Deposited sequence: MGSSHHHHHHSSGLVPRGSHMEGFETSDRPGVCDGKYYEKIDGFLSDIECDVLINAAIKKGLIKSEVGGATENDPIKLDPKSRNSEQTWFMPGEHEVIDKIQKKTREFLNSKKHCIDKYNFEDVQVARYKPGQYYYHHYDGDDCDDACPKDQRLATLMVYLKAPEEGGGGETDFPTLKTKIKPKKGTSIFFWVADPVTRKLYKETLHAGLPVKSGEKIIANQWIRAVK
């Protein structure tokens, strides 16, 4: 079963408000501005930015409380993504659906930080439909969730998720994916 039965965990104040703004501005300087993904994205190199460094440090410290669930992993380069009104990410898994040929570098988990939330009544929730829960974006809050089993690398299909449409304002996230070795 999933690590301690906790398919997702939410952490408020994972980044400070001014750390989120510094990261948004760095992403804008890099050019950030029916089914699947309808958003803009950019990628950060390892060590490119001190706020990325902090995401990865706190993610590692978090995973250190889960040593009985996960041994070796790698951090993917961090992605920052933006949603304008009308933009959304249709439901999907963050890893490869597999049984007997699971990739050796399968994504095992996701740590996603909300850098900027929609306006009041602005939609843009993160939906986990199988778990019957939707998380409302809040600046600085992180959502951690399990994507695949570290032993078999098969998906936890319980964490099917989506970014719902933004109705007003904008939504900016940072994705830290955790990969098998």
What are the unmodelled segments when the structure is compared with the full deposited sequence, in sequence order?
-> 1-30, 64-79, 228
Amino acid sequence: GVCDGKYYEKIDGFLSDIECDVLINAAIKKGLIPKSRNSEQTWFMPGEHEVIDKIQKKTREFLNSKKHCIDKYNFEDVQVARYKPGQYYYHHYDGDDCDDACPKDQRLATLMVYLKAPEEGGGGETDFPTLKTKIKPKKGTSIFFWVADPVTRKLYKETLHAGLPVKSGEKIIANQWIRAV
From here on, numbers count along this sequence of modelled residues.
Per the PDB record, is the mean Cα temperature factor higher over 137-145 or over 54-62?
-> 54-62
Higher of the two mean Cα B-factors (119-127, 65-73; per PDB record) comes from 65-73
Going by the deposited entry, which of 108, 81, 111, 102 has the highest CA temperature factor?
-> 102
Of the residues 21, 158, 170, 12, the one carrying the largest Cα B-factor as recorded | 158
Is the Cα B-factor recorded for residue 3 in the lowest, middle or highest third of its chain?
-> highest
Considering only modelled residues of the same chain, in which third does the CA B-factor of residue 27 rank: lowest, middle or highest?
-> lowest
